[PDB]
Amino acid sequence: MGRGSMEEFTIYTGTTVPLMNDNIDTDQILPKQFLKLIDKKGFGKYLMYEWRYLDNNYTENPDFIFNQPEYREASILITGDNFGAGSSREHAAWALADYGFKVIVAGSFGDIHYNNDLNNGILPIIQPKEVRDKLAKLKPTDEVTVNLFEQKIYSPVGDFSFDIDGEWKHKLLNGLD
């Protein structure tokens, strides 16, 4: 990833993966050594690097949830509080986008990271902990629809409203950067 280009977001459907830790900081999302790479590179393979691999040869950690067979095409991330705080790192959004995340549902986000996600084809969502724990118990095959016109999430575990600033809404719904 690289663009910083506004991609259209209206209604999106995908399956989910839960990783419910608080304070997944930009360093955990995309380690500092990878900031040496130019923005034409793919960052997907570096996403969550230290959780995801056992060594420096890309041997997958078979315990990391993203690697689990049922979750390898998940496009909607359910997490904890304060996702993406710490050193400002637009590359961390590129990693998430390049991997294939379109939506993230958290307790809260780092301020810059929130903007970086929105500027790189991800919709970051704030939900209360009660809903995020419901979403975390979805089946890997369960579809979830996010409808930005309605500001609603639909799932087998419930349907939920969310807030978003009207200006972000206008930019996402239209093709607009």
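When you see a residue number, it is the position in the sequence shown, counting from 1.
Undergrad: Comparing 90 to 98 with 68 to 76, where is the mean C-alpha B-factor higher?
TA: 68 to 76 has the higher mean C-alpha B-factor.
Undergrad: Mean CA temperature factor from the deposited coordinates, higher in 151 to 159 or in 21 to 29?
TA: If you average the C-alpha B-factors of 21 to 29 and of 151 to 159, the larger mean comes out for 151 to 159.
Undergrad: Against its chain's modelled residues, does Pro62's Cα B factor rank lowest, middle or highest third?
TA: Ranked within chain, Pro62 CA B lands in the middle tercile.
Undergrad: Quick check for you: using the entry's CA B-factors within this chain, is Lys40 in the lowest, middle or highest third?
TA: Highest third - that is where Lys40 ends up once the chain's C-alpha B-factors are sorted.
Undergrad: What third of its chain, lowest, middle or highest, does the C-alpha temperature factor of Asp111 fall into?
TA: CA B-factor rank for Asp111: middle third.
Undergrad: Lowest, middle or highest third: where is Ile122 by C-alpha B factor in its chain?
TA: Within its chain, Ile122 is a lowest-third residue by C-alpha B-factor, going by the deposited values.
Undergrad: Based on the deposited C-alpha B factors for this chain, I'd like to know if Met48 is in the lowest, middle or highest third.
TA: Tercile = lowest for this residue's CA B-factor.
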